[PDB]
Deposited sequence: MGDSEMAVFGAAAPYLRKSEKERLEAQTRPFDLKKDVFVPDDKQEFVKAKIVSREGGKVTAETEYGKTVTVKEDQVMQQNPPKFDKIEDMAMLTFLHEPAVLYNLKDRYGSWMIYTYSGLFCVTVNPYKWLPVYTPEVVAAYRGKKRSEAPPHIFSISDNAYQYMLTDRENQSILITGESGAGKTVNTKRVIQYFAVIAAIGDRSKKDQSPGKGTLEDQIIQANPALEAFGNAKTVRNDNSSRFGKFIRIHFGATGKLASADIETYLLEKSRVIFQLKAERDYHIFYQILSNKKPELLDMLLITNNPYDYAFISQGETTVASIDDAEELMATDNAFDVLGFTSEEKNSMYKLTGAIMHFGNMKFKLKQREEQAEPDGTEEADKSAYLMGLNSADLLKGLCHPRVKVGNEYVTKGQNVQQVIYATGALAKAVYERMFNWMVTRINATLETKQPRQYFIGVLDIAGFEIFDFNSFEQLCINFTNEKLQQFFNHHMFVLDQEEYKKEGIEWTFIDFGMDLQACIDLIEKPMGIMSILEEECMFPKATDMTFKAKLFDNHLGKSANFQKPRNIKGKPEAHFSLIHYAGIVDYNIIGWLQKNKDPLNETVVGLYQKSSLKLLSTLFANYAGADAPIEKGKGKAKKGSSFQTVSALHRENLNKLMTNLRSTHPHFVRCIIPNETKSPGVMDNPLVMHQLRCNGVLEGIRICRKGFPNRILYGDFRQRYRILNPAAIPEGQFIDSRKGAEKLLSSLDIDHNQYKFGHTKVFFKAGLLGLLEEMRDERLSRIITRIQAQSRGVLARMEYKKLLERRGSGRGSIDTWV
C-alpha cells in the first residue's frame, strides 16, 4: 500500500522524523542508498532502520559502507559466508564487511595499489568487531588455498592485546584504550605473506585510576578470576580485586564478561603466538607486581619513609630487585654530581606519584614489548609486495569527567573524519577537473580544519601544553590562563565550559559534539617523568623481561655549561595520515544505535546525529551527482570490446552503438566516467555474450 504524495516524511520533535517524499516500496531495505529516488535525512534514516529491523546491519551508501551495531550475535560471519564472498563483486552480494575486504583485495591486485580499510565510529559503535572480522576474512581465505600457523597467529593477536589494552567504560564493556593499524602483507600474485601491528597511545592512567562506572584493564580481573589458581600462587596475591587499590577504584565486575573464560582465551593466544612459559609468567609477574606496588603505604619521618614493607617486598620479588633498594629509590632518588650522587628528598605526596608513574611506565612498556613479540612471530620473511591496512582507533567519547586522554582520543577522531572529508569531497572533485570533466565544485560543508588547527597548530591547545611543560614554575591555572588568553573569543570552537557534575575548565566543539575538558594534571601527564633511580634498578633486574622493557630507556640529558606525549601523538598521527594518503581507502562508518546496549533498539536522534557529523548524506550526494566508476580507455577496450567489435575514439563508437542511456556516461582525458549502476549493465551484457 503506497501513494506518491499521500506517503510523506514529516519532521518530529522526539524521534527526528516520523512517517519530504517517501521512497517507493521497491526501495525498501535497499542495499545501496545512492539508488534511492529521494535522498533526504529521513529517507536514509528509515532505510537503515528498516534493514536493522531485519538484522541487516550493513548498507552501502555510495562508495563507502555504513554499519549499525546489532548488540547480538548474528549468523552472518560463518566460514560458509567467508568462502562464498571470495571473488564476488560488490553488487553480486549483500552489503558486508567481507565484501569490503574482498573488494579491497581485488583493487590491490587490479590497480597494484596498497589499500586501507578505515573504520570510523563513536565509543561502542563496532570498530573492533569489524576490524577483527576483516582479519578473520583474510586469514580464513588464506587458510583455504603450541604455536600455530600465520593465519591463526594473526587471529589470536587481538585477544592477546585486548586483555592488556581493553577495559570496561560507561560506553563500552570492551573499550579499546589504544589505536592500532594492522597491515596484512601480500605477495605479487596475491598470497598472504605476513602481517604487522602498530599500536598508538595506550591509556596509562587507567592502570592506576578508574572512574565510578569503569574497570581497569581486563587482564587484572582475568588473573583474579582464579580459573588458573597457579597464577595467584605465583603472584603472591588474593582472589579479591578490592584488595588492590590500583585496580578497584570504580567497578570490578562486568555482566557481559566472563573473566575466567577470558583468562583461558588470553593464555591460549600467548600459546598460539609462540610465547614461552618464561615469557608468559614474566608478563603475569609484572601485572601482579603492579597490583602490589599500588598497596605500598608511606609516612612522614617533609620526608617520606616506608610504612610497612609487606607489599613492597612482594613487588620487589616478582620484579627481581632488592626490596630495600626499591624503597630507597622511591624515597631518596639519586641526583648526578658528575661521577658521584646526592639523594633528593621526597614527601609522601611525591613518592606516591612516583610509584604510580613507574607502575604506568612498566605496564605501557610491557604492552609495547608484547606487540613487538607478536610482530616478530607474524614476520615470516616471505615475499611481500603490497598490504591492506586496517585502522581500529579508540572511538569518540564523552565521559562525566574528560581529561587529557579524552582530548587525545577525540582529536584522532576529528583527524580521521577530516581524512574522510578531504578524500571524499576535495580529492574526488579535483579528479573531475584533472580529467577534463564538466564539473561545478560543490561546497558540502565538510571541513573541520577550524577544530583541528585549534588543537594541533602552533599556539593551539597542544602547542600551549607542550611549551608550558618546559617551565618548572608553571601551574594548571597558568596553562588554563594561556589557553583562555589565546583562544576565548578568538577560536570559534573553543568555548567557556557549559556546566553536581564534575567541574570543567573549558569546552570544545568537536565534529561529534561539545566536550567539556578538565585541565587538571595535563602538565604532569604530558611530561611523563620517572624516578630514574628505580628505572636504573629495573635495568639491572634479575627478570629478563623487566630489564629489556627499560634497556632502551634514555635518561634526563646531562646539563651543559652556561619530549612530550602530545608532540609524539601529533607526530604519529601525521605520519599515519600521510601514509594513508598513499593507499586506496575504504570507509566503514559504524553507528551505535542506542545508549543502553539494547539489541535491535534504534534511537532515531542518536543515529541521525552520527549520520550527520559523519557526512553520510553528503557522501551519498557526491556519488549520485558525479561518476563513481572510471576506466582507462585502453583497459575499457581490452574488456568490453566483445560488446560490439584509438582507445578513446573506440570507446566513443562502442558506447554510442550500444542500447544504453547515453547521458549516464561522460568522456574524460584518459578515463571514461560512468554514473552509478551503468557499469553493472555493461558487465551484465558482457556476461550474456560470453556464453
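Residues of the deposited sequence lacking C-alpha coordinates, counted from 1, fall in the stretches 1 to 29, 49 to 76, 203 to 211, 368 to 370, 569 to 570, 634 to 644, 728 to 736, 783 to 819.
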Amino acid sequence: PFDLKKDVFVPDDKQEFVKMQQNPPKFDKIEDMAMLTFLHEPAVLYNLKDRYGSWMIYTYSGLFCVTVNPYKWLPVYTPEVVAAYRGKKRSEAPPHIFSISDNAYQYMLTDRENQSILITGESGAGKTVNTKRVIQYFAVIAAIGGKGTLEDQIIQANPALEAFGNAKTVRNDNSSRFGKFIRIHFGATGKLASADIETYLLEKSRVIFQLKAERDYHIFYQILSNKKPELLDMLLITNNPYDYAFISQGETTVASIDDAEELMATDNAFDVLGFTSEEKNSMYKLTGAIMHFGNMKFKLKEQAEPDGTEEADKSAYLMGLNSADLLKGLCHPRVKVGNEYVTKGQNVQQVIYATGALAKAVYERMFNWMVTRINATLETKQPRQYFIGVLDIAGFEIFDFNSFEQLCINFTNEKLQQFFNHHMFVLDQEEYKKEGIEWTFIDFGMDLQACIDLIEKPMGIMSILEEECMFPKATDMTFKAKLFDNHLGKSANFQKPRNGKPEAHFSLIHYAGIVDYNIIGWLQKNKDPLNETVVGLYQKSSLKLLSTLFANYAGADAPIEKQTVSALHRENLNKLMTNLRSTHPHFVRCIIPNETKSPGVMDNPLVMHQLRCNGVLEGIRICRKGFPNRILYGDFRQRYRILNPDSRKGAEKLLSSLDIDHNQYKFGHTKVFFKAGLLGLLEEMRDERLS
From here on, numbers count along this sequence of modelled residues.
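For the pair 441 to 449 and 418 to 426, the record assigns the higher mean C-alpha temperature factor to 441 to 449. Mean CA B-factor, 340 to 348 versus 409 to 417: the higher value falls on 340 to 348. Highest CA B-factor among the listed residues (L232, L576, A359, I592): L232. Of the residues listed, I388, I393, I208, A324, the entry assigns the biggest Cα temperature factor to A324. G634: CA B factor lies in the highest third for its chain, per the PDB record.
Remark: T276 belongs to the middle third of its chain, ranked by C-alpha B-factor as recorded. For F64, the recorded CA B-factor ranks within the lowest third of the chain. Only modelled residues enter the ranking. Among all modelled residues in its chain, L454 ranks in the lowest third by Cα B-factor. Among the modelled residues of its chain, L318 has a C-alpha B-factor that falls in the highest third, as given in the PDB entry.
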